[PDB]
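Quick one: the structure is below, questions incoming.
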Amino acid sequence: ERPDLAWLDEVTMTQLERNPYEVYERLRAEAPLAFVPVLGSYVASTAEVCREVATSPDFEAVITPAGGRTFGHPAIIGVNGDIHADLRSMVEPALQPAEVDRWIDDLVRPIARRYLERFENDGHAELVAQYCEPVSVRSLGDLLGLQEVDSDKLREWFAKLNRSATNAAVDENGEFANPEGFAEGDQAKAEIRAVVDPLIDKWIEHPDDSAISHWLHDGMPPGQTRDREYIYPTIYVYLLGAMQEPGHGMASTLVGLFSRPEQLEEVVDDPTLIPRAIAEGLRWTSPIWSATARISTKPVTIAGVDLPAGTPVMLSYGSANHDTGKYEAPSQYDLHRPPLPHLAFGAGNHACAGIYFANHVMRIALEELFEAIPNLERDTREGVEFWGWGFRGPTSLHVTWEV
Ligand code: HEM
Ligand SMILES: COc1cccc(CO)c1O
């Protein structure tokens, strides 16, 4: 429809998944709010537009089409008003900074040590599968009450939910181009139900300190629980992004540091720089790259585009974090970049609820990794490939060290 952007008609889903940064570099210059045909949606690509849409009183949350097919209702990311307020009040207690600080060290540090002991003397490792993902899912899984769900299974679940929730491609008529791509999401949800329904049955009668037990009971009249159908979509939301993203953030931060060997050495030598390294890592390759959206509630003009009411806008925060209006050479990882605001945790009333927790998980994991393997080096025989448009991270991270 927009004539000068006719080249967007030839952008493919595979291209965006393999590397979205060249298309989005053009979008940020040509059309900070642009309709991308293969995605079937307007997309916000700059920091100014993403922040404006995410915080505007004329927009509210909406789930992406593939997200809605994957999660249903009421996914915390896709609802508003009283339901959103209730779901926020449900999840926020265990994520409060004063609460996290009471137990985060005793949670994550023994988990990190357990996985490190399996390989720290091998001299080689694939850190995504052997360390980053397991620590991320084991830490959250224990907090949630899924202690008996193996980390291999949690990792499989977030991979399947990832592919289902980012199965966004549409055809010429706006219909999903790959309808078969939701089936493995449906299979994961069925497996999750078989595992979690007995745990809920038990928590209803015998509450404990697990987060899901508290989701059932907190704030409820005596003897009542939230219906499991009301909380399952937020359980699924956790089993995708809350499980996946801290592992993604760790791994991207390591890849970035390896790209700047002088900076990797600084951080190993001075672990107090790890939080700064992670913040730059999240900006440099945002784990949640383009997974959420908002919808206009009235006619509104954004970046020169007059949008009717009811218009969805995808928030490509991963592109916003390479906005050259804010950052110098954003495609380069730079630990010594001035610490500026970033959008890797989103913005507004639907901004990430788990920032403080996530930052500590990533911090502790990297502290223990560098303590156990100070001479870590990247395996330069194997290149690092990143994959993902909705969620983005390295598919593997082969490293070596002198034993
Ligand atoms: C590095 C790790 C993480 C990153 C980069 C990240 C980023 C994000 C982003 C970009 C959003 C969408 C915000 C928006 O639409 O404006 C989000 C939402 C959310 N995140 Fe995080 N997240 C991470 C980890 C976690 C963890 C570990 C948890 C839970 C323990 C969590 C809980 C949530 C919740 C509940 C929401 C939905 C908020 C709402 O819609 O009201 N996140 N996150
Ligand atoms: C915390 O988990 C999520 C955050 C934002 C988006 C999704 C899925 O679209 C998530 O699962």
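FYI, residue positions are counted from 1 along the chain as it appears here.
Heads up, header says this was done by X-ray crystallography, 1.8 Å.
The backbone N, Cα and C atoms fix where each Cβ goes, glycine too.
Sharing the features that Swiss-Prot gives for it:
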type	residues	note
BINDING	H84, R88, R294, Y317, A347, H350, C352	heme binding site
BINDING	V237, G241	substrate binding site
With the Cβ atom as the reference point and anything under 6 Å counting, tell me which of the binding-site residues (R294, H350, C352) are near ligand 1.
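So the answer is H350, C352.
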Given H84, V237, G241 as the binding-site residues, which ones have a Cβ positioned under 6 Å from some atom of ligand 2?
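The binding-site residues passing the 6 Å Cβ test are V237, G241.
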Among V237, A347, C352, the binding-site residues in question, whose Cβ has the most other Cβ atoms within 10 Å in this structure?
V237
For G241 (substrate binding site), which residues of its chain lie six or more apart in sequence with Cβ-Cβ distance below 8 Å?
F158, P287, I288, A291, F391
In Å, rounded, how far does the Cα of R88 (heme binding site) sit from the Cα of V237 (substrate binding site)?
13
Among the binding-site residues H84, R88, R294, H350, which residue has its Cβ surrounded by the fewest other Cβ atoms within 10 Å?
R88
Enter the number of other CB atoms within 10 angstroms of the CB of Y317 (heme binding site).
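Excluding its own Cβ, the number within 10 Å is 28.
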For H84 (heme binding site) and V237 (substrate binding site), what Cα-Cα distance in Å is obtained after rounding to a whole number?
14
In three-state terms from DSSP, label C352 (heme binding site) for me.
coil
